[PDB]
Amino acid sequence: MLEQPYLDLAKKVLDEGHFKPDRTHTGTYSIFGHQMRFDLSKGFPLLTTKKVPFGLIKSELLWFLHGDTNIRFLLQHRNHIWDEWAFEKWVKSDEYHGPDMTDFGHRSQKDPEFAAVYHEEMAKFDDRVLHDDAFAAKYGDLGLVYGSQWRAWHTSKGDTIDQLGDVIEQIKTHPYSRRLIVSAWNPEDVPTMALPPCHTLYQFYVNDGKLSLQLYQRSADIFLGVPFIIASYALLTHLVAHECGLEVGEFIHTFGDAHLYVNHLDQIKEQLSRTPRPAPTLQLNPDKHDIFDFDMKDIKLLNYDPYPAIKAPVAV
């Protein structure tokens, strides 16, 4: 079926992955170098073998397109995929006055009471970011995230560059260009950042009036991460095509280090027991073509009938 590459990726990592000590504490079965390609004319590569919350994919991607970098948009759409990154700044704040919260996550995955204290706290933080404008502006703004990297690369002469906005024009005027690249990797930031970009760089390609996209991902979590990345980029490939009045080609997902944390082995084996079903169908608002001004309403998924969700401990 349409999603088999993903399953083959997991199968292969189990078979010939080497035990590599991940920086955390959790070991990993990893491989270096791998490429998968999904034909977008056959179906949206949203996995049928395990329920993946498409809402979190749309909301987050749109956030990126707007060149946004403030959690607020996310919380406004019930999206917490990025909370912890902003929250950390709060607890590290010279202004923070409350419980310990140090090395949380790690200890939040152990002490049950702490987990409750930590959750009560985070809730108050999310509330603030939603109502207090000064606060949101202060801690709710991540800064160097995908949004500004794609839409506001910072120039030497204090300028800012709209990598994407420019590439899309490039596609329209030079469809056969081999320079339709967007990088999220910047040397002067890379060392100081808490988390250098995982989706490091991508390339668009046009031919026969079909649009393909290649994503070089330096590091990946085969079980908890990849299923989401496939959708974000399959969808972005759709959005750019929609605006460019072009058809969709394929999504080529190239990997650097692909890994499967040891605490997910049982879960991935179980998923493999399952048999893929026909893929869902994406549908974008025909009356709308400016993909930046897009909103949730303008992107719909049809016939997504997955197997139940598989739960697993996030390794950290």
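Residue positions are given as counts along the sequence shown, with the first one as 1.
Of the two stretches examined, 266 to 274 and 22 to 30, the record assigns the greater average C-alpha temperature factor to 22 to 30. Comparing the deposited coordinates for 109 to 117 and 217 to 225, the stretch with the larger average C-alpha B-factor is 109 to 117. Per the deposited coordinates, the residue with the largest Cα temperature factor out of 233, 153, 82, 125 is 125. Out of 240, 181, 195, 142, it is 195 whose C-alpha atom has the highest B-factor in the PDB entry. Ranked by Cα temperature factor within the chain, residue 283 sits in the highest third according to the deposited record. The PDB entry assigns residue 66 a C-alpha temperature factor belonging to the lowest third of its chain's modelled residues.
Per the deposited record, the Cα B-factor of residue 177 falls in the middle third when ranked against the other modelled residues of its chain. Among the modelled residues of its chain, residue 210 has a C-alpha B-factor that falls in the middle third according to the deposited record. In the deposited entry, the Cα temperature factor of residue 50 places it in the lowest third of its chain's modelled residues.
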